[PDB]
Structure formats: structure tokens, C-alpha cells
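Below are the chains, spelled out letter by letter.
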Amino acid sequence: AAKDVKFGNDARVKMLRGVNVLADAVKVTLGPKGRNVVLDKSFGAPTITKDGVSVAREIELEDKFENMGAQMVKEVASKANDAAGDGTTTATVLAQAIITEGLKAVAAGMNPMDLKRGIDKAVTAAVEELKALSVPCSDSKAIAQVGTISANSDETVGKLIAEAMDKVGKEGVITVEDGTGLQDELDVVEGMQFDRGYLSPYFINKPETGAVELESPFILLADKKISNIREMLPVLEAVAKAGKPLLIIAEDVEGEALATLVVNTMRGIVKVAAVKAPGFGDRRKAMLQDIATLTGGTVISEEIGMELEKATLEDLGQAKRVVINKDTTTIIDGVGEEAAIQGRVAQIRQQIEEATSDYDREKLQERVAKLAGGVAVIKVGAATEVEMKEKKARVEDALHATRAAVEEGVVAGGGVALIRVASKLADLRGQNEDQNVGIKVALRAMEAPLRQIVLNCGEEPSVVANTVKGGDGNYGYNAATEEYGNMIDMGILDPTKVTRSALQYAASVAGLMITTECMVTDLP
Amino acid sequence: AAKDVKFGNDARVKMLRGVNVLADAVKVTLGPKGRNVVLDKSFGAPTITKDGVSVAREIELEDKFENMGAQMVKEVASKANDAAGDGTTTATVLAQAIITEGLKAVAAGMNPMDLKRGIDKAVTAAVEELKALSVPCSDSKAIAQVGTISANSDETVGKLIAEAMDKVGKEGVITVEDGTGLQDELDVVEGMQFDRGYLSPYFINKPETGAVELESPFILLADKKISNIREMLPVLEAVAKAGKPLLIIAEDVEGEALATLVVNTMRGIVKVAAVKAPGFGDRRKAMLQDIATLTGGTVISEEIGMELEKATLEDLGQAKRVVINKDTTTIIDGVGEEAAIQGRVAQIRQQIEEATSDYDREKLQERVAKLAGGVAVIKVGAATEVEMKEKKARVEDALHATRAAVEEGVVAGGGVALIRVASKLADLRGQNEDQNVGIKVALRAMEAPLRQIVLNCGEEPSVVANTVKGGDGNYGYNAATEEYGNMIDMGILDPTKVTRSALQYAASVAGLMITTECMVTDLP
Amino acid sequence: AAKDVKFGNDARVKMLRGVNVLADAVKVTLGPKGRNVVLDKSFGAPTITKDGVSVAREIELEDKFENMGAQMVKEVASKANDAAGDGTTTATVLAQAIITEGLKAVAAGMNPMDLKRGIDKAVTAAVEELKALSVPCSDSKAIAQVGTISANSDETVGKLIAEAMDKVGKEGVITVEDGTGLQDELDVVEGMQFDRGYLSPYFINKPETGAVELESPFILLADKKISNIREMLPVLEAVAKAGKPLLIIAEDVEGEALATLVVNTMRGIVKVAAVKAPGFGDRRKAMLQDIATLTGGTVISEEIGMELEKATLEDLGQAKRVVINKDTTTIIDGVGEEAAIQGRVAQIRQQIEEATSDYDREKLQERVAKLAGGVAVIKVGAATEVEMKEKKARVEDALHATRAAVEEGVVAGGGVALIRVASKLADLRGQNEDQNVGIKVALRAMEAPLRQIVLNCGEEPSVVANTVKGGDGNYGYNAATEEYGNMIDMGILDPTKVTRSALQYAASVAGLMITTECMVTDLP
């Protein structure tokens, strides 16, 4: 369509107003004294969140140009989220900051392109700086501190999380769902288990709820359904022989097998029952050897060198016992050597370091966790729904933050780290003057986080910042207690990684943004 | 789409105007001197209700922002209803209340987030408080009082309700339907009975209307239909032998079977007839063992280790007699040991405490009531339809209220309970000042219910409230009689559970709401 | 539709405003001190580029006539891209330039048609001129210089490119993809390899990730799928005898074959496995002889004078070994004489020089590179996405530019070359006066590039231009260092070919454009 082009200052200005609106709408939610924003929804009821990125996304401006600037900055808040799911708001603040200044300098008559570089360098610099301050977050305490700090100062959270991690381990999986009650709840799965119920409800062992407890069973794995393919009695009778319970897994099982199966297990002929494998072809199949191997079984390559009956009783796997309901199955413990275990695990290392990451390493580690480690889930408590949301939301950030803290350590919160590394680069210079300004600009913006925080407390951003800059190391203002001191001893930690991503992502765009000289878009 | 963001005061105000509209439109219906509201409907004729939640839902504002506010408070009114189906209006009032004050304090320049905490704490407190005053509602008298009080002071109601509960028991099921005449009517089903008529209309025993009364029959249950599968005479003749009438249940029955059956019961060979089982597959089948075991019969696992004829006359279950029409069957009594009865009941305990609640525990408790207790239904009398609606409505509120009072006890109505526990927390304080205000705010709001009721009587809300606050325990104003006294002895009872939910749900949202600093929505 | 015709000056003016808009919007991005532009997108986020042609495309004007003018000049910026993927901005500058002056001269009352010729001639001349100064770019140093200068002065780029070229050779292929990290990364494939993984995952030789390494295998090539056509064991067993591993290639393979194949390679009968050929019918088949001939194999003319088993073990090709995962296959080295190699290559010469050029000579030289040379890929580093683009973008430009400098040499950048050849034609004349102006016009415009560059540095375009014109040979202003000197010694090189296309394409349209006397289009 016919366009509307704008150059220089006009364009910039527009762009900036755009940015500001977005920014301003995200600032409000920064820090312990951060406030909330309400996002409307034709869908259901409006949403109340303090999650910066959540906000960002909803901002769209009528002014095509104002809008563009907004639509750009929006991505820092975004990328920041994909990186480590937290720090979003914070990040944004820095862009807002950088850009403002930047533009002011371009308006000053400097070459934007050098400004950019000056900034870029000043940042590359600022990063090593942080990696310096980053200190390992390893004890459960520290971890509880980041979770807590992340969840807008909710101890219960960090506390819970810390626990989970302390249990499921390092490669143990952790997820959060809506809770039934109003209290938060932590459930931890032990050993091997999955989401499959029994097809033979009649085959319930001891307890109710479909509770099956095949004492010392022989696990059996397949690659097809069993309508009338019931042929396999050898294998079957082989255990009727040993007189041990039997667990089964495969594409499925028709009543033909079940029926007879019912009365067999009934008459006391053979205590047995079966449940379907995971889910999709490559899925389920991809997950069985593990199972077998675990319990010491011999998966049936219905597709390779094997067949139905085509298999001995010793091929089966063995485990202490099992527990099944109409939706889940669990193995108490399949006697299978660690040489096998860590083995089946070791081969997961390539699966691990994958160029797929998102979705891959996900369902991946899951098994990895079930394959020796543990799986945990958290149920968030809330009276309302607009509450469960917000709540469960913050719970995840924290969940991520901790994950980031662990892999990349932490540094002093309250935006002191940055403010601190800024002083450290007070002597950083570039190829030319513009560039030096470009650097100064950035350093200057690094005070943003801190003083937005302060401002969210109705206090002098500039006065605090000062006294804070006067200090050393981790001397920092505690907005919550309204008194200075050691940010770390006070447990106000920021996972090094977020602080870093926020600065990078922020600049990465701000940088470009301030080098706009023309803008094109459609007509009103 | 292009948005419209609003920050601080502006946003808040709008939000509040929105709340108010909603609230105000729901207040009007509070208390005995509560009035009605009319909800238009393109559908048919307008609706006239005094049900707060019914109203809330209908409120939508043109001002995107005023609307958001309303869309939010609307949820308290809602949740309150999912929780215990009553107190809705009341709940709302508190929010309205909490928010008003809250905002005023934010305007005062206080940190909203502490305000929130202050409130939250003040509430957690207020709750134990109630759990304190809650006293067991067990006698039918009390139960009639909550029903009555619930149904805007209609004794006939509480009266009827009390009766029902007194009959069907504790686990007996109770439902309300539009009645035929103008008088309310209570029907109570005794023993076992469902909604299936006879396929063989010709097989009518004694009375008319298709009235069947097979004396000392043999009940038979299957899992299939019988077109030409008429093969089964062994089992048949076995009874022709015994000379007893026969009842049948299964997926269905074709004339082939019927035809022959007709003349058989006719010529006096075998007095019999049958009727289809419950409804859906997993439905009906799920409901048969129960039938069997009861009368002492052996359901036919047409699908498992069983077939047609394959079953002895002894497998059949027995009962005194039965009564069927063209739409309902009923077993006078199937001699089946209590070992079996309570057994089939005890195993319902897991079905009971189910993470399904809504829809599950319903049809569930139903059978439960039929497997020992009793079932009841109420027919509401009304000349018109616009009446039959309102009437029948309130009837349920009470039906729920009672249910709630039973399980969670009760406390003094007139919003005295709250006003009372408020005084009890006159010394509650929080971590900082803002928080103390936050608390104070909340206590202050707990006078809302009471003084709205008063206002709904054209009387000094503040004057009453005072005298009421001067009193102790359950001293309370009786809006209806316009005179003070003991709220309990007067039978003005509120099921503890509602009073509690209304406060919780109300705060839960209100709290968040007063921490709004920005709002985003689409353009006008 | 009803039209709107405009004649002479009116039309022209409109047409010009149109051009200017477009032009002006592309100028901003010229040179090291070039700035960026933002192209909005309803799609996702806005785009930030410095790529002239990228911009051009987005420009459309509301004024039907102003629009036409823009729609015209737009093609120079365009064609310039199809020609050598760079110089786009620059080209545009010249048109803008030529047109302006031209029109002014038509307004001067000259015959436009001669103006055109004068220009055309002036250009043909200027071209030989360049071809004169063009000097061979052959050393890696020079090659990195154009890369670098093309990628807005990024050495890392020219550096990287220089290397790749220095590896893959002259006919080696080079491509750029988004990298994983933030660092740019260069990967170079050695020998023969394509994008096909193993269908027999179980057939993983040594390493994980599905790593197969058939040591000294026999390669097999076919023209069909092998479900049950398993027939061919003579061929199979043939190698089972020689005890060598085996690689296969054809339409496909079904389990029937795999399954058995599995246990064979398992039992240590015959270590083998297979992977599908390239892709489409003509495709895959097109690429096999090459493979065969390479390893010294005999492709199976399943469609001609051959069949399944119909083929001896000696038909098979042989290679050191192979490397396969779930996605790619690679031959370490098929022992195949060079008489064969360069032969299968020599025949590619006709394929090469083709009238299809685009898409033809692409996938073409690919094999060519794989049939003796080497394949290379570059991964671009970027924190954001809006960065990864711009970055990766320029990277290609350079990738192109080099490609051009090599085949057509280079000349002095900073638009000196042109300004230089301009002085060389100071005595060029044509058939009549108008024509002489036509020439003069053109020469005059060749200062455009230079002084736009200067202007993008906030400096006197005319002042620099002078001092630069006062110089000789490669004396030129260095915008970046803001100081004059030898453009070549400074490594500021422009692939001769681009400079030429830019001038040509520019004039080609400009010329015509200035001979507009009427314009037709639709009504507003």
C-alpha cells in the first residue's frame, strides 16, 4: 500500500514516544515495590500481572510510527524471556534508557554508527565484568534466595523450589500446575512412572482407585496391539509356571486377550494385567529399551529379528512390584545394573547437547530424570483464577531463575551489579570521540534498573544511586527495608545469566534503534 | 489492535467507576428487604431475579476501562457461587468496599503492595475467627432456618428442605424441578429406581399406566441386546420351572424375544417382561453390578468370562417385587446382604473424594443415595413462568446453603459475624505502617454487608452498625423486625462456609485490583 | 478504469518527487557512515536494514504519479541486485542524480532524446574506462578487503570469506546461515557428502549420534525401493564373502530388507546399512553415476539393461570408509581414477555455461564442488533476531562482491573510480549540442556516490569532491578516517563489476525516464 516515509528527527521522535509508552507501561512493575498492570481480554476476564514481557506483547499503538518503535523495543523484553524467563522488565528499562540518551547524542550531532559501537564495546566490556562477579550459586539456601527474590519476595516459593531441586536433583524435572486447594503443594515422583492407566480394570490388585500391585512381576515390552494375536501362551504359560505376576506394554491390547486374561488372573492361574506404552510411534518406542534395559528386559522387535511368542521368559524384565490406576503406572524398581543405567544415561549426553534445545531437551531430560533421577511438580494455591494465574506465573520465573542461577551463578541485585561494573569501565574508550560518548551513554543507562526500582518506592532515584555509588562491592540499597547494606548477606541475588541477557538483548536493539534515519510504513 | 494504556489515578478511577456500576447493581438485592433487578433478554421475556451472580454476569460497560474493572470484580461474585452457591451479593459488597477504601489509601500515597498484604493477613486472621464461632448445624430446626433465611425468609422452604434432608439422609440426593400446580411439592423415592420404561408394554402386571408388579422375581442383567439372540431358554425355562416372574436388564430387547415372551407371560408359562438398562456404555454397565450384588445377582460379563445362556438361574438376583410403567422401573427390595451393600458403598469413598467434584460427585452420590439412602425432588409452585423461575432459583440457593451449613456449620447473619470478628482483630498489625492501614482498611470493609442490608431498609446504616457494635456476641439488628437481639435465637443463620468464602474470594481479587498502576485495552 | 493523464512539466515534476522520496530514503544508507532504515511489517517485528534494494521495494506512494516515478527508479536499485548483489544503494544515487539534472535540461528546452543519447554514449565510454582501471583481485588479502568494505567495514567478515574462498577453492560453494551462538563460525565440508540419514538406525557403527563408519565398504547404487524385493542376496552374500562392509543408495528401503539386514550386520554376517539417495527422480538419479564413477561403481540401470541381483560384486564402488548419522552421509574417499574425476567434471562444462544460469548453475556447481572441491558454510553471530538478519544480510553482499571482484577485478572505492573516469571523458562530445549536455549531465552525476558518502558524514560534499578531484590516480577521501590518500593501499576496494552495473542499470532507466512527456494512470 501507499506508504508514509519519515526521516531524521521527526521519525526518531515518533519512534521514541512509541518506545516510551511501551517502556512506561512496563516500568511500573519493577522490584518489590513494583505495581501491577491490567491487560484487557475480550476472551474472558482481564488479566492482572507484574510480568514485564506479559505486558510488552499487549502494547500496540495507533500511530504507525510510534507503534514501530514500540514494536521493536518489545523484542528485547521478549528475547530476554526466551533466554532465561525473567529480567524482562529490567531489560526493557535499559533499552528505554540507552535509546533516550543515544538519541539525545545523535541530536547532539554525533555519528550514530559510532555511538552504536561505543555502546557495543562498553557492553562486551560490561559482560566480562559480570562473569567476574558471578559467583556460584550451589547451596540450597542461595537457590531459595533467588527463587524468593524472583517471586517478588515470596519466601514460600524459593523455599519450595529449593526443596524440589534438592530432591529431583540437578537433572530432575520440575513443573508447575494449578493447585486444588489454596496452599501450594509439592509432589515428587519416585523412580519410574508414566501417564498410562490399565485397560483391564478388572485386574486391580490390592487397593482401590484401580490400584494394582503385582508383587515381583515380569515386565513385558512389545511393538503392536493384541486383538486375536493372543498367540504367545508359551511366554504366558512360562510365567504361569514361575507363578510370578506379569506387566505388559505395547501399542495396545483387545479384550480377546484381556477377557481370557481376566479369568486367568482371577482363577489364580496368572495374576496379570497390561497398560499402553507412552504415546506416539517414535515416542513410545523411543522409550522402552530404557524400561526393559532398566528392569533387565528384552524389548520385542516386532519389526526386527523377533516375533510374538518368539521370546523366552527370561527376556522379560523384573521389578520389585508395580502400581497402576486408571491413568498411571509405576515400577517400584526394575533390577537392572547401573552399568546399564548410567549407560542408557551416558548415551543421552548427545541427546542432551542438542541443536534443538526447546522441546527437545525438554521431554528429553524428563526421561533422563525418570532414568535414575526424580520428577517433581508444583501445585500453586489460589482462591480465585485471576490469582492462580499471576501466582503460578511468578512461580515459573523463579523456577527458571534458579535454573539460570545454577548454571551461571549470581551477582548482587537491586541493580547494584550493573551500577558497580559501570564504575569499573569509567576509563573505557573507543576509536574516536563519538564512540567514547557511545560508551558513556551506555554506562550511564546502567543506573536505570536501580533507580527505577527506587522510583517505584517514591524515593529520590538520584540520591540513593549516589550513596550506592559511594559504596563498594555489594553495598546496596534495600528498597524493601529502605536501608543500605550488603545485597548478598541480605539475600537479594540476581542470577548472573539474566542480568547479562538483559543488558545484551537491551543494547542489541537499542543500539540499532538509535541509528534510524528513516522509517517507512503504511498510511493512516 | 491498537491499544489504549492508562496509568495511575486515571486508570484506577475508571476501574472504580466500572466496579461501582456492577456492585451498585448487585447491592440492591441484599437482604430480606433486598429488591429485584430485571435482566433483559433478546431471547424471550426479561428475567427478574434477586440473585447477585445472575446479575453480575449481565454487566458489561461501554468504557473499555470502566468495563475491565467490572469484568474483574465480577469474578468474586462468580467464584463465590461455584464455592457454595450463595452469598454472592454479599461477597461483592465487600469487594466494592475493600477496593474503595484501598484505592483511597493508595491515593493517600501508600505502597499498594503492603496494603494488599495488610488486607491479606487481616483476612487469614478473620478466617480462623469464623472457624471459631462456627457452631454445628445438626438439628432439623436449624437446617430449616438456613433454608428459610436463604430463600429470602421463606419458612415453607427451609421447612420443606429440612424435611427432605431429614428423609433421604445425609448422602441422600435432592433436586428441584418446576412443579405442575402452584403449591410446592416434595416427592421421595424409596429404595432403588431409575428412568427406564418397559419395552414389552403388553407385559403389564396389575395396575394401569403400564404398572408391572412381578412378585418375588429373578432379576437378570446383561451387556447386550436380544434381537434373534433369543438363545437362552435354558435360563428361561429354569424359571418357568421355579415358576417365578422375571425382570431383565441389558442394552435392549427386540420383539423377536419380546413377541414370544408376550404369549409366554400370557399363556401363564412365565410371568415376565424387561426394560433397558441405564444409558451410556460405561454408564449403564457401571450401574449393574450394584443392581446385581444388591438383589444378589451375577451380572453377565457378555464381554468377559461369560455368554448368553451361559449362566444358571441362581446367578439371577432376587427381589420382593417391582413396579414399572412406560418410563420407570423400581425394585421393592433385592435381598442382598449389607456386607455387599456397604461394601459396594465403601468402595464409593474413592469415587466420592474425587478431583472432579463438578459432574462427578453428582451422578455419583446419586447412585450412592439409591444404594441405601433415599432420593428426593422438589416441585416449585408458581402461577407464572417469570415467577416459577425466581422461586425455583432461591429454592436451590437454600438447598446449597443447607448443604454448606451442614458440612461447615454456621454463624450469626445480618453480617454480624464479620462485624464481630473485626472487633476481635482491633489489635492486628503488620510488618510496616502501610500494612497496618491495609489491615484496618479490610476490617473497616467488613461492616459493608451489615450496613448495606440496613440501607436496603431506608435506615441509618451507621446508626444501626453502631448500636450493633456496642453489643456483644450475636447481638444483632433484625432488619425484618426492625429490632435488635440475638441473631441465633432469631434463627438468622448464615452457613459459616459462605460467609468465609465471600470474604476470601472478595479480598483475593480486591487486593490485586487496588495494586493497579496501569491498564491496557483496545481503542474505542 | 477511468484514467488521469498528465503532460510535460506537471507529469515530470510529480514523477520526480516520486523518485526523490524513494531515492532520499535509500541514500541515508550509503557508506561506512551510512545509517539504517526501518521497514514496518504487519508480519512480525519491524525490519532494520542498510540494504538499499531492501528499502526500495518497500516504497510505494499515494500520489499515483509520484508513485509511478518511484516505481521506475525502483528497478535500477533492483536489477543492480540481480546482477551482483551489491552496489544497489550506490546505483540508485546515480539515477536520482542523472534524472535531476536531465529534467533540468529538458526544462532548459533541450531535446530529451539527444540528452538520452549523450548520456548513453557518455556511459559506454565510462565503461571501457573502468575496464581499464579494473585490476585483478587474486590474493587472499585483497579478497578480504572487499569482503570487509562490503560488510560496512567489518574485517572479521572479509577475513572469514577470504578464508573460505581460500579453502573450497574457486568453484567451491559457500553459504550463510544463522549461527547458534553469537560468534560467527565457519564450517568446511571435505569430500563427498549430502543430506540423507540412515533408515537402519540400528546400524550405527562406532560413535553415537548414529555414527556409522563402514571401513573399506562396497558402495551400491540403484533405481528403486526394496520392500520385499529383498532378492539380491547373490550380490549381498558376494560381499559377505569378501567380508567387507556395505553402503547402499536408491529410491528407498523397507524393513523387510532392513530387519534382516539388521541381524546380519549384527551377527557379524555382513556389516551394512543404507540411506536414500538425494531427492526427486531426475535429481537423485542425476547424482549417482558421479558417485559410482567416483568410488568406481556401476550404477544400476534398473530402468535400462540391468536388474536387481543382475550385477556382480565388482560393480560396487569402493571407498576408504563412510560417515552417517540420522541426517547425513559422507564418503571418506571412493577410489576412482582422476581420468574419471575430471572427466565427469569436464562434461559439467556445458552444464555450467547455461542459459538458465539462476537455479541451474547453482545446484550445479554444488556437485561440481563436491566432485573434487569443497563446500563451505558460514554461521552468523547475533544476540537478537533483528541483528542476526542485518548481519547475515551484509555477509551475503560481501560473499557476492568477492565473487565479482574475482571474476571482474576491482577499482578504487569512495566513488573515486567514477569521479576519476569522469575527468577522463572531459572531452567527450556527440552529434549535436543537446547531446553534449546529455553527456556533461552524466559525467556530472558520477560525483553523486562520492558526495553522498561525504554528506552522510556531515561534511562538505563539494569541498571533499574538489580536493579529491584535484588528486590523481587513486587519491581519495577516506570517510571513515576522515583523511585523504590512496584508496587501494587503504583497502577501500569496489569490485569493478558492481561499479559498472550500478552505472549502467542506473543510466538505462534514468535515461528513458527523462524522456517522459506524458503519463497515464488511474484516478485517485
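Per the deposited record, cryo-EM is how this structure was determined, to a resolution of 12.50 Å.

Asker: Explain the overall build of chain A residue by residue, including any values.
Answerer: The helix and strand tally for chain A stands at 20 helices and 18 strands. Structurally, chain A occupies a C-alpha span of about 90 × 60 × 45 Å along its principal axes. Within chain A, contacts between residues at least 6 apart in sequence are counted, and of these 73% link residues at least 24 apart.

Asker: How would you summarise the interface of chain B and chain A if you had to cite specific residues and measurements?
Answerer: With 35 residues of chain B at the contact, the number on the chain A side is 32 residues. Here chain B packs against chain A, burying approximately 2900 Å² in sum over the two surfaces, 64% of which is carbon and sulfur. For the chain B face of the interface with chain A, the top three residues by lost area are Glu-75, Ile-304 and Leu-512 of chain B, together amounting to 19%. There are one salt bridge connecting chain B and chain A. In this structure, the salt-bridge partner of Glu-517 of chain B is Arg-35 of chain A, at a minimum N-O distance of 2.9 Å. Of all the secondary structure elements, the ones that give two or more residues to the side of chain B that touches chain A are β1 (3-7), α3 (64-84), α5 (112-133), α20 (496-513) and β17 (516-522) of chain B. Along the lines of polarity and charge, the residues of the side of chain B that touches chain A split into 18 nonpolar, nine polar and eight charged. Strand direction decides the pairing type here: strand β2 (residues 36-39) of chain A and β17 of chain B, joined by four bridges, are parallel. What sits directly across from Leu-39 of chain A, in β17 of chain B, is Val-520 of chain B.

Asker: Tell me about the pattern of salt bridges, residues and numbers included.
Answerer: Summed over all chains, the structure comprises 88 salt bridges over all chains. When the shortest N-O distance is used, the salt bridge between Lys-159 of chain C and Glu-163 of chain C registers 3.7 Å. A residue pair is termed a helical-turn pair when its members lie 3 or 4 positions apart in one helix, as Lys-159 of chain C and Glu-163 of chain C do in helix α7 (residues 155-168) at four residues. Here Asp-184 of chain C and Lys-391 of chain C are joined by a salt bridge, their closest N and O atoms 3.4 Å apart. Separated by 207 residues along the polypeptide, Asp-184 of chain C in the loop between β4 (173-178) and β5 (185-190) and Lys-391 of chain C in helix α15 (residues 385-408) bring together distant segments of the chain. Judged by relative accessible area, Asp-184 of chain C falls into the partly exposed class, the value being 29%. Overall, the relative accessible area of 18% leaves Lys-391 of chain C in the buried class. If you follow the salt bridges from partner to partner, you end up with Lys-206, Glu-213, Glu-215 and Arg-321 of chain A in one network.

Asker: Summarise the interface of chain C and chain A; cite the residues concerned and give the values.
Answerer: Counting residues at the interface gives 32 residues for chain C and 35 residues for chain A. Seen at the junction of chain C and chain A, the total is one salt bridge. There are 14 residue pairs in polar contact connecting chain C and chain A. Element by element, the count of residues in the side of chain C that touches chain A is highest for strand β2 (residues 36-39) of chain C, at four residues. Its residues assigned to classes, the side of chain C that touches chain A shows 19 nonpolar, four polar and nine charged.

Asker: Describe the nonpolar core, and please don't skip the residues or the numbers.
Answerer: Judged by nonpolar contacts, the single largest core of 84 residues is most densely connected at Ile-59, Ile-99 and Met-446 of chain A. A per-element tally of this core places helix α4 (residues 88-107) of chain A first, with ten residues. Those residues in contact with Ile-99 of chain A that lie beyond four places of it in its chain are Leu-16, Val-19, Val-73, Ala-510, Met-513 and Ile-514 of chain A. One finds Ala-383 of chain A together with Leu-103, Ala-122 and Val-464 of chain B within the second-largest nonpolar core, a separate group that totals 80 residues.

Asker: I'd love a proper account of the sheet that holds strand β7 (residues 218-221) of chain B, names of residues and values included.
Answerer: All names here are of chain B. The four strands lie next to each other as β9-β8-β7-β10, forming an open sheet whose pairing is mixed. The sheet is open, and its two edges are formed by β9 (272-274) and β10 (317-318), each paired on a single side. Pairing analysis gives three bridges linking strand β8 (residues 246-249) to β9, with the strands arranged parallel. In the strand pairing of β9, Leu-247 is matched with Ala-273.

Asker: Describe the pairing of strand β7 (residues 218-221) of chain C, naming the residues involved and giving the relevant values.
Answerer: All names here are of chain C. Judged by which residues are buried, β7 turns out to be covered on both faces: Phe-218 and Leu-220 on one side and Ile-219 and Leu-221 on the other are all buried. Alignment of β7 against strand β8 (residues 246-249), held across four bridges, turns out to be parallel. Across the sheet, the residue bridging to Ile-219 is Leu-247, located in β8. Inspection of the sheet shows β7 paired to strand β10 (residues 317-318) by two bridges, in the antiparallel sense. When the bridges of β10 are listed, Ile-219 appears paired with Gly-317.

Asker: Before we move on, could you go through the packing of helix α1 (residues 8-27) of chain A against helix α3 (residues 64-84) of chain A and cite the residues and values that matter?
Answerer: Residues and elements named next belong to chain A. Closest axis-to-axis distance for the α1/α3 pair is 6 Å, and the angle between their directions is 55°. Relative to α3, the element α1 is oriented oblique. Handedness of the α1/α3 crossing: right-handed. Mapping the contact onto sequence places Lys-14, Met-15, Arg-17, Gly-18, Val-19 and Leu-22 in α1 and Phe-65, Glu-66, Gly-69, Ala-70, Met-72 and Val-73 in α3. Residues of the contact of α1 with α3, tallied by class, amount to seven nonpolar, two polar and three charged.

Asker: Before we move on, can you summarise the sheet that holds strand β13 (residues 375-380) of chain A with the specific residues and values?
Answerer: Residues and elements named next belong to chain A. Taking strand neighbours across the sheet as the criterion, the three strands line up as β4-β13-β5 in an open arrangement whose pairing is mixed. Of all the strands in the sheet, the pair left with one neighbour each is β4 (173-178) and β5 (185-189). On average, each strand axis in the sheet is tilted by 20° relative to the strand beside it, whichever way the strands run. Sheet analysis places β5 next to β13, joined by five bridges and oriented antiparallel.

Asker: I'd like to hear about the state of the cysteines, residue by residue, with values.
Answerer: Applying the stated criterion across every chain, the model contains zero disulfides over all chains. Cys-457 of chain A carries a free sulfur, and the closest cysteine sulfur to it, the one in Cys-518 of chain B, is 18 Å from it. The buried category is assigned to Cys-518 of chain B, whose relative accessible area is 0%.

Asker: Before we move on, could you go through the domain arrangement of chain A and cite the residues and values that matter?
Answerer: Residues and elements named next belong to chain A. Per the domain assignment, the segments of chain A are domain 1 (1-134 + 410-524), domain 2 (135-190 + 372-409) and domain 3 (191-371). On a C-alpha basis, the centroid separation for the pair domain 2 and domain 3 is 32 Å. In this assembly, nine residues from domain 2 lie in contact with twelve residues from domain 3. Three residues, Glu-171, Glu-190 and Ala-372, lead the burial of domain 2 against domain 3; their summed loss comes to 56% of the area buried on that side. One can count zero salt bridges joining domain 2 with domain 3. Remark: the boundary between domain 2 and domain 3 carries four residue pairs in polar contact. Looking at the side of domain 2 that touches domain 3, its residues break down into four nonpolar, three polar and two charged.

Asker: Got a sec to walk through the packing of aromatic side chains? Specific residues and values, please.
Answerer: To describe a pair of aromatic rings, you give the distance between the ring centres and the angle between the ring planes. All names here are of chain A. Following the criterion strictly, the structure yields six aromatic pairs over all chains and no others. Pairing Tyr-475 with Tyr-484 gives two aromatic rings, centres 5.7 Å apart and planes at 25°, and the pair type is stacked. A relative accessible area of 30% places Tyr-475 in the partly exposed class. A relative accessible area of 28% means that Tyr-484 is categorised as partly exposed.

Asker: So what about helix α7 (residues 155-168) of chain B? Which residues, and what values?
Answerer: Residue and element names in this part refer to chain B. The end-to-end C-alpha distance of α7 is 20 Å, a good match for the 20 Å that 14 residues give at a rise of 1.5 Å each. Of all the positions in α7, only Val-157, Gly-158, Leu-160, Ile-161, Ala-162, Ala-164, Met-165 and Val-168 are classed as buried. Buried residues along α7 sit against α6 (140-150), β4 (173-178), β5 (185-189), β12 (375-380) and α15 (385-408). The N-terminus of α7 is capped by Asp-154, whose side-chain oxygen sits 2.8 Å from the backbone nitrogen of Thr-156. Following α7 by one or two positions, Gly-169 has its phi on the positive side, about 95°.

Asker: Let's hear about a negative patch on the surface: which residues, and what values?
Answerer: Together, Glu-75, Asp-82, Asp-358 and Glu-362 of chain C line one region of the surface with negative charge. Relative to the helices and strands, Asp-358 of chain C resides in the loop between α13 (348-352) and α14 (360-370).

Asker: So, helix α16 (residues 416-424) of chain A: which residues are in play, and what are the values?
Answerer: Most of α16 of chain A is tucked away: seven of the nine residues are buried. Looking at α16 of chain A, one finds that the buried residues are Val-416, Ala-417, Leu-418, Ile-419, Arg-420, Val-421 and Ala-422 of chain A.

Asker: Explain the environment of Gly-109 of chain B residue by residue, including any values.
Answerer: Along the polypeptide, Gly-109 of chain B turns up in the loop between α4 (88-107) and α5. Judged by relative accessible area, which is 63%, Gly-109 of chain B ranks as exposed.

The rules behind each value
Residues numbered from 1 in each chain as written, not as in the entry; some residues may be left out. Chains lettered and ligands numbered in written order. Part of a larger assembly, values for the part shown. Heavy atoms only, no water. Residues with missing side-chain atoms left out of burial classes, pairs and counts. Helix = DSSP H or I, 4+ residues; strand = E, 2+ residues; numbered from the N terminus. Contact = heavy atoms within 4.5 Å. Buried area = accessible area lost by both parts, 1.4 Å probe. Salt bridge = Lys/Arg side-chain N within 4 Å of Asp/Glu carboxyl O. Nonpolar A, V, L, I, M, F, W, Y, C, P; charged D, E, K, R; others polar. Pairing = 2+ DSSP bridges. Buried < 20%, exposed > 50% of the residue type's maximum accessible area, 1.4 Å probe, protein only. Polar contact = N/O pair within 3.5 Å; in protein donor to acceptor, adjacent residues only side chain to side chain. Core = buried A, V, L, I, M, F, W, Y, C linked by side-chain atoms within 4.5 Å. Axes fitted to C-alpha atoms, helices over the stretch in contact; angles between N-to-C directions. Parallel < 35°, antiparallel > 145°, perpendicular 65-115°, else oblique. Left-handed = near helix turned anticlockwise from the far one by under 90°. Disulfide = S-S within 2.5 Å. Domains from an automatic or database assignment. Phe/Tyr/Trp six-rings, centres within 6.5 Å; stacked < 30°, edge-to-face > 60°. Expected span 1.5 Å × (residues − 1). Patch = residues over 30% accessible without salt bridge, like charges linked within 9 Å, V, L, I, M, F, W, Y side chains within 5 Å. Areas by Shrake-Rupley, 256 points an atom, 1.4 Å probe, with all protein chains shown as cover. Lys, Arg positive; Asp, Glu negative; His and termini not counted. Charge placed at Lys NZ, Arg CZ, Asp CG, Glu CD.

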